[PDB]
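Take a look at the structure below.
Labels A, B, C, D and E are assigned to the chains in the order they are written; within every chain, residues are numbered from 1.
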Amino acid sequence: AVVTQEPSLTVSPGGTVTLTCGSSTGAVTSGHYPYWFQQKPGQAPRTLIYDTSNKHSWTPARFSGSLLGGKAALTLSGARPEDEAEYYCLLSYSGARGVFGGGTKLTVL
Amino acid sequence: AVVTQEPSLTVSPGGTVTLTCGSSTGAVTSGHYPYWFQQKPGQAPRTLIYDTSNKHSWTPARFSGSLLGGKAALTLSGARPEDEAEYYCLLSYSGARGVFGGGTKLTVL
Amino acid sequence: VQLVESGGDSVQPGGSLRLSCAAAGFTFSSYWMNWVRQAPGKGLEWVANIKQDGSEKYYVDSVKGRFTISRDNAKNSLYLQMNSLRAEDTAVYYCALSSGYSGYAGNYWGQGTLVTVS
Amino acid sequence: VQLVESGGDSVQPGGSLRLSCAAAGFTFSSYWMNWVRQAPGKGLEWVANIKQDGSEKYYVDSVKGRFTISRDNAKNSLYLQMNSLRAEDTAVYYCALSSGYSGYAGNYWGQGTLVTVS
Amino acid sequence: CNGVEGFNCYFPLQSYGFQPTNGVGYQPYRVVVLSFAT
């Protein structure tokens, strides 16, 4: 029940982003049905990506719920100042007892 | 970028033929502008059908560039021994990066 | 699609607190209902879930045996009760609605209710 | 309408080879020019194309970044250069002339040139 | 799918990923159709 993330990422305006998440064991696949959330100060976490790669209607299309080399990711095609937030990942396991990562802070330079 | 074909067909002289081709996704329509080619041993592939149903001047009229149920086809109204050849299909996709099928071998009994 | 969560208050350690979440604008008994908590300055911690019809419940091991979930489909709401609550368990609890494939994680989130233990 | 293709030879893997095709009996810069390859015992594989005026080029993903097409409209010919050529890439390459709707697939074919990698 | 987005409950509209480096067939194109006395 261990999930890790890169503590922080800094991106220049218009630059791309690769936020990562994964489990201490095995590899992340669609079977973990990975979720990604965005939290701005004073706000509740909002789901951006669900079930690996499905994007929500309130999520800017600049965000993409892609997978990497046995890891979950949330990438951007061009970051904006409005995207500064703490991002969180959640993976499923043997059942509906998911585990969150440590959190990855995204800031814009 | 996956195209499949029936591996082989055997037809009695004077009998009809239905060679088939299609994509792993969606359905084949005139928007794929399908092509069919004929290759005899020692020869270069020759185009018989282009842009779905247009037949070339060097192609026997016994051949017909028809479409089936979401699939491309090359049919014959009466096969002859001279038609023994490997036939190939080619479909377009998002651009001019077409994909060939596995090849369908036609022989005459 | 609104999730209204309340019940958070200032409580003493060793006691218990019952939190609740009400559904509005959508059908309650068609989705899974999640609980997540966040200590100030920390990331999100998975706490608990419950199946659409209440036949199954799920907990993170750290709250197993202490947390209980019950629901009333006629009131479109669910309750989470936490017994033997620790002084360390200061967090905002959030209600989330899961309409995804497995029902394990929420898509829609409420505003959260703050639980402070002292 | 003749397509004359050459340049195939016996080459070593990891190197490169430039193939070429000349047009005869028709106008070059009015049609799209295609490349197709066939390994012995195998079916046809799409390799590459180029637009009538050279402003656009297309490749099958499997050769992307390795194959380059250039042309000279004053010589009625085009060249295909394949870098980092693999031992597995033994095939007869064919030149084909596309006069169809999209220009994506050829109607007229040349005799082909054999590329053997060892 | 009663107002709640989720599995098999998708939002009907999707944007195009238009970028200057996105090949040829993935580039944006402007299309005007003139559909047919004054």
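We take it that contacts are C-beta pairs under 8 Å (C-beta built on N, C-alpha and C of every residue); 3 or more make two chains touch, one makes a residue touch a chain.
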Exercise. Any chance you could check whether C-E or A-E wins on number of contacting C-beta pairs?
Key: C-E
Exercise. Could you work out which chain's C-alpha centre is the most distant one from the centre of chain D?
Key: C
Quiz item: Of all chains present, which has the mean Cα position farthest from that of chain A?
Solution: B
Quiz item: If you average the CA atoms of chain C and of chain E, how many Å lie between those two points?
Solution: 38
Quiz item: Can you give the whole-Å distance between the Cα centres of chain A and chain E?
Solution: 25
Quiz item: Per the centroid of Cα atoms for each chain, what is the distance between chain B and chain D, given in Å?
Solution: 22
Practice problem: Would you mind pulling out the distance in Å between where the CA atoms of chain B average out and where those of chain E do? | Solution: 33
Quiz item: Residues of chain D touching 2+ other chains?
Solution: 56, 58
Exercise. Please list all residues of chain B that touch 2 or more other chains.
Key: 95
Quiz item: Of all the residues in chain E, which ones touch at least 2 other chains?
Solution: 5-7, 24
Quiz item: Can you name the residues of chain E that touch chain B in the complex?
Solution: 23-26
Quiz item: Which bits of chain D are touching chain B when the two form their complex?
Solution: 32, 36, 38, 43-46, 49, 51, 56, 58-61, 94, 96, 100-112
Quiz item: Contact residues on chain A for chain C in the complex?
Solution: 1, 33, 35, 37, 39, 44-47, 50-51, 54, 56, 86, 88, 90, 92, 95-103
Quiz item: Along chain A, where are the residues that touch chain E in the complex?
Solution: 50-51, 54, 56-57, 61, 77
Exercise. Show which residues of chain E lie in contact with chain C when the two form their complex.
Key: 2-7, 9
